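Enquirer: below is the sequence, then the experimental coordinates.
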Amino acid sequence: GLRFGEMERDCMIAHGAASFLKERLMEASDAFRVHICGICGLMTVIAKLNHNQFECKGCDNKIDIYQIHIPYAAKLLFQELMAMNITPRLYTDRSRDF
Amino acid sequence: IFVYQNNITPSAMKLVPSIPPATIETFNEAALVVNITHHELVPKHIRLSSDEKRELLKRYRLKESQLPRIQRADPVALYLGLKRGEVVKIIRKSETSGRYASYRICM
Amino acid sequence: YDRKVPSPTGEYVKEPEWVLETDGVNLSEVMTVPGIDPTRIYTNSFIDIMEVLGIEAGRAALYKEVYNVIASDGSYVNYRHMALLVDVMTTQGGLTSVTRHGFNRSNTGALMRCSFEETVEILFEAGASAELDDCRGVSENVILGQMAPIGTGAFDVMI
Amino acid sequence: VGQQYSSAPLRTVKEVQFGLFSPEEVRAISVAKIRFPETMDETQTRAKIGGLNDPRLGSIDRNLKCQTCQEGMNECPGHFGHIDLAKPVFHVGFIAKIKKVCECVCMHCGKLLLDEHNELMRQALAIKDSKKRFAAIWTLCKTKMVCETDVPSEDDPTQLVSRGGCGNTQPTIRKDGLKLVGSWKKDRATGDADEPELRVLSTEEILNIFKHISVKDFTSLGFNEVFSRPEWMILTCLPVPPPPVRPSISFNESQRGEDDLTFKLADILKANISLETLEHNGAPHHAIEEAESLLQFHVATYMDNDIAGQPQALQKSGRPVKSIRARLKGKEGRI
Amino acid sequence: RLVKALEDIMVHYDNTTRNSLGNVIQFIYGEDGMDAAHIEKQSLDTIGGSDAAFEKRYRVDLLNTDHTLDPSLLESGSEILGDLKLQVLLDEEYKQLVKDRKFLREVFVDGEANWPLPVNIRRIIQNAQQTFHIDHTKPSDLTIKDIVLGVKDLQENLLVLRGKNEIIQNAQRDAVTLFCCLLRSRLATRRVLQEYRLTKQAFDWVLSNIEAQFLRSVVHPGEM
Amino acid sequence: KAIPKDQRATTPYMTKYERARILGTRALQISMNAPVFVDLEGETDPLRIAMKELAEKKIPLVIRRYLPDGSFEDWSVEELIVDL
Ligand SMILES: [Zn+2]
Ligand SMILES: [Zn+2]
Ligand SMILES: [Zn+2]
């Protein structure tokens, strides 16, 4: 054995060790920092760090913008998914517009 | 309520919603020889007014779709003439907490 | 069968009673038969109880049944657990099986264990049909380097 | 995790919407314009051209310039490019979809082959599941090959009800490589109407049919009108992936090596350039459609490799390949 | 296969039990909001016995020579013989005990008294017998009000839900019904005086304790 | 979608998962040579230290409890009662 399968994963969820499950199942790929537009979850934010200017253009946002961390693999995966006309809208709230 | 003895004409059955908004109910005598609600395993189902229902969804902040469900064809629901959308409060006994109320929304 | 019953003096009394056990089922037509208490009649086929007495009854039955299986081993398990099982198995108005019904789902998302290695055709299709992933699953949040909203990660800490 | 500041609030991802880029959108979001298949040379002098990796996109050589966002080859959410295709091309991974859709809607008017008047069809429309609906409708109406003008009412079959008007016949579509072919006929072996007719369903045909369809029709199907319009399963505007996506291998200074992805983009850009040229200068009519199937190939090639022909070209005499399905799989199987 | 079906169900901050879709599966976890590990099997005395022993045990009648609190048990036992205003309280107590006896016999038709419930009261008491060194010789300095009104306020605090509205306040009452039955049956005036001579402090302590243990027994939002 | 400091119905007490994630985070910072708000009685371990800062209600962190509807409640570590 020695692998960490669905089975030991469940036990860890029971224990409620949320952050452990993250540290184990994840691949240490150093978390990356990206700027996301709050209206169209795409990484289309020009982060001018020195002039506190952000801009999303096309969307017309200089205020509704967030900052998030994700593994580098994640970022490439998304840009790649963008490269195929697929939109991985990332959003920062569950309470949908419903 | 129409209490037939043996069976209804599959044609006469297409003559039920033929007069909205009024509703027609069909019950086979045999199904009534015994009142299931009196059974030892059937908790008491209490219908909620649309007001009562309203307050329900509010206080638990629920979408109408997140409530446990009861089938419109379900025996106890047929018994109370529930209609898709109405909600029943079910008060049952419990070996955990004396009383325990649950809710089901007819579909 | 034995049957603790209350006495007019108050104490519980073992007041024995006759019961018929059957090897076949027809709940619908036996309740009616006169001479029987149609209130206490029971079957171990919860599927028949449900059809005749309503899902809430069925729920009780299904529990009563799951219970005996464990009890018959001398074992004991807290009500809350089997209860929860019995409920999940019920919330939809009918008896839902859990020994895998669907070949795709039961309550998951379009990312967890991206099985089929077709995260290829799955993503293309997910783009087609504007899919909205809730991200409440452990492994979906893994791919985002996040903790899932469970135990430790079911709330945010702030400054 | 790194350093510096950000007046922007830190937050976690909660939901995730999946859609398809609209042609409009890719242009709103893109910062480049890409015209040259070249990269960093202008009369030897190293730099970059207003063509590929350069305009507003990130940089190399450890230069902090990039869409006035600074930072450099790190802490740089690669910025996307832009590039207009001549005649509309198809997206490899959706072709199968496109068919299934074309066989569900009547050509010319873009209306569902079956309406509410059909009781069978009603059952498939109540189903609230993209996979199921789109599946339940397709198997049900792919059969009809005549857009009905009138269908027997819910009452006496004596009276007929008028609906989408265009009793035009529907074609039988068969997939051939990267194109869609369909056959016609006035009934099956009915007097004065035998023998089929084979023509190729172009991309412009497909666009009008997918663009004329109305929301209530996408609905029955798996579309949202907001994040996914059937019309967006066909490419008009190619979103250009930024440099971090396709890194340029470099040993010390002065040594080639740009990712296979930048190569398939030169092909797409060239297969696009020779296409614009022809339609403008000298159009030999149906002699152009051969440079059109090339772009249709390099756009399909640049995204996936699993057809009759495998474009392993590049700079090798020993044919290699790296699309994107090939990259996702390597990372979907690694994660 | 079981883990697959319930792997997404958790207990939320509204003390509810739902799945990833937000659908309600249990309006209160385990119907009582309790955490299984803080539960123990205890016997609800009230159900069993003859109606007679029930009365010799929990019945207190200040307006009646024979069936009243012998002044050995209580300090104000002699000057309570006949307090009209106090009988009202005792009567309202005894009434509640009877309503309960009936309720428990409608829930558990067996006559079965032993059921798992949070907070092992039997212990807390022995944990008062030798913690304050109580001697069953001198009377208690306990007021018939201290008890009756003390036990009555305690119940206001158990709390599993806090919603400040009509619905939730009922749920709260529900989730706590069975446990209070046990509470009332154990901290009944005779018992607290004739069965385990508690003192205004030992008793004031016990009350305080039960509230604590009860609150540690509630399920934590987050439990999977 | 926010809920005023009054009207909060959630638990007054700190859940084990919350008290477990706080000690975690805090402990982390301490391990990263962060300013400490307590007087060590000669304690060296960060977790050990965080337990003390939690013990002396000196942790400027706030727990934002999300309901399943989307709304939320904000409780300051300081308020939350810490029994367990
Ligand atoms: Zn934007
Ligand atoms: Zn940049
Ligand atoms: Zn048409």
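Expert: That came through fine. Numbering: from 1, shown residues only, chains lettered A, B, ... in the order given. Ligands and ions are numbered 1, 2, ... in the order given.

Enquirer: please count neighbours and contacts with C-alpha atoms only from this point.
Expert: Fine.

Enquirer: please name the residues that touch the residue lying closest to residue D:188 once chain neighbours are set aside.
Expert: Excluding the flanking residues, the one nearest residue D:188 by CA to CA, 6 or more residues apart in numbering or on different chains is residue D:194, at 6.8 Å. Residues in contact with residue D:194 (CA atoms under 8 Å, 6 or more residues apart in numbering or on different chains) are D:185, D:186, D:187, D:188.

Enquirer: dihedrals phi and psi, the first one?
Expert: In terms of degrees, to the nearest 10, the main-chain angles of residue D:185 are phi 160, psi 140.

Enquirer: now do the contacts for it.
Expert: By CA under 8 Å, 6+ apart, residue D:185 lies in contact with D:169, D:171, D:193, D:194, D:195, D:196, D:197.

Enquirer: between these, which is nearest ligand 1?
Expert: residue D:171 (41.0 Å; CA to the ion).

Enquirer: next one: the closest one relative to ligand 2, how far apart?
Expert: 49 Å (CA to the ion, to the nearest Å).

Enquirer: can you give me the helices for chain E?
Expert: Assigned helices in chain E, in chain order: E:2-6, E:51-58, E:84-107, E:121-129, E:144-157, E:166-186, E:189-190, E:200-216 (criterion: DSSP state H).

Enquirer: most packed of these?
Expert: helix E:189-190 (a mean of 24; mean count of other CA atoms under 10 Å in any protein chain shown).

Enquirer: report all helices and strands that that one contacts.
Expert: helix E:51-58, helix E:144-157 (3 or more CA pairs under 8 Å, 6 or more residues apart in numbering or on different chains; DSSP states H and E).

Enquirer: could I get those helices as JSON lines with distance to residue E:197?
Expert: As requested, those are exported to JSON lines (distance: least, CA to CA, whole Å):
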{"stretch": "helix E:51-58", "distance to residue E:197": "14"}
{"stretch": "helix E:144-157", "distance to residue E:197": "12"}
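
Enquirer: and the residue of chain C closest to chain A?
Expert: The nearest approach of chain C to chain A comes at residue C:151, 4.3 Å away (CA to the nearest CA).

Enquirer: give the contact list for that residue.
Expert: Residue C:151 neighbours (CA under 8 Å, 6+ apart): A:13, A:15, A:16, A:17, A:18, E:221, E:222, E:223, E:224, F:17.

Enquirer: correct me, but the first one touches residue C:148?
Expert: Same thing as residue A:13. No: counting by CA atoms under 8 Å, residue A:13 stays clear of residue C:148, with 9.6 Å between them.

Enquirer: and these two? Which one has more around it.
Expert: When residue A:13 and residue C:148 are compared on other CA atoms under 10 Å in any protein chain shown, the one with more neighbours turns out to be residue C:148, at 27 against 22.

Enquirer: ok, now how distant is the residue nearest to that one when sequence neighbours are not counted from residue A:21?
Expert: Among residues not flanking residue C:148 along the chain, residue C:138 sits closest, at 4.8 Å (CA to CA, 6+ apart). Applying CA to CA, to the nearest Å, the value for residue C:138 to residue A:21 is 7 Å.

Enquirer: returning to that earlier point: out of the contacts of residue D:194, who's nearest residue A:87?
Expert: residue D:185 (40.4 Å; CA to CA).

Enquirer: follow-up on the earlier one: from the contacts of residue D:185, which single one is nearest chain A?
Expert: residue D:171 (28.7 Å).

Enquirer: coming back round to it: which one of the contacts of residue D:185 is nearest residue F:38?
Expert: Out of the contacts of residue D:185, the member with the shortest distance to residue F:38 (by CA to CA) is residue D:171, at 80.0 Å.

Enquirer: need the contact list for that closest one.
Expert: Counted by CA under 8 Å, 6+ apart, residue D:171 has contacts D:145, D:182, D:183, D:184, D:185.

Enquirer: now do residue D:124
Expert: So residue D:124 contacts D:132, D:133, D:136, D:137 (CA under 8 Å, 6+ apart).

Enquirer: would you mind finding the longest helix in chain B?
Expert: Assigned via DSSP H, chain B shows its longest helix as helix B:50-59.

Enquirer: what does chain C give?
Expert: If you go by DSSP H, chain C has its longest helix at helix C:55-71.

Enquirer: for that one, what is the distance to the chain centroid?
Expert: Per CA atoms, centre = their mean, to the nearest Å, the displacement of helix C:55-71 from the mean C-alpha position of its chain is 9 Å.

Enquirer: which elements pack onto that helix?
Expert: Packing contacts for helix C:55-71, counted by 3+ CA pairs under 8 Å, 6+ apart, involve helix C:46-53, helix C:79-88.

Enquirer: right, and these - which one's nearest ligand 1?
Expert: Once the helices and strands packed on helix C:55-71 are compared by CA to the ion, helix C:79-88 is nearest, at 40.5 Å.

Enquirer: which element is the spatially most central residue of chain A on?
Expert: Centroid-nearest residue in chain A: residue A:70, 4.7 Å away (criterion: CA atoms, centre = their mean). Using DSSP states H and E, residue A:70 falls within strand A:65-71.

Enquirer: what's in contact with that strand?
Expert: Counting by CA under 8 Å, 6+ apart, A:29-38, A:45, A:54, C:143-146, D:1, D:6, D:8-13 sit against strand A:65-71.

Enquirer: just the ones in helices from those residues, please.
Expert: Short answer: those have none in helices (DSSP H).

Enquirer: from those residues, which ones fall inside strands?
Expert: The strands, defined by DSSP state E, take in A:31, A:32, A:33, A:34, A:35, A:36, A:37 from the contacts of strand A:65-71.

Enquirer: nearest to chain B among the contacts of residue C:151?
Expert: Nearest to chain B among those, with distances taken as CA to the nearest CA, is residue E:221, at 15.6 Å.

Enquirer: contacts only, for the closest one.
Expert: Per CA under 8 Å, 6+ apart, neighbours of residue E:221: C:151, E:10, E:11, E:12, E:13, E:15, F:15.

Enquirer: swap in 7 Å and give it another go.
Expert: E:11, E:12, E:13, E:15, F:15 (CA atoms under 7 Å, 6 or more residues apart in numbering or on different chains).

Enquirer: after the helix or strand hosting residue B:77, next one along is what?
Expert: Counting by DSSP H and E, the element that carries residue B:77 is helix B:75-79. Note on helix B:75-79: by DSSP H and E, the next helix or strand toward the C-terminus is strand B:87-93.

Enquirer: what about residue 82, neighbour count?
Expert: No chain specified, so I'll use chain A. 23.

Enquirer: oops, wrong one, chain F.
Expert: Neighbours of residue F:82 (other CA under 10 Å): 16.
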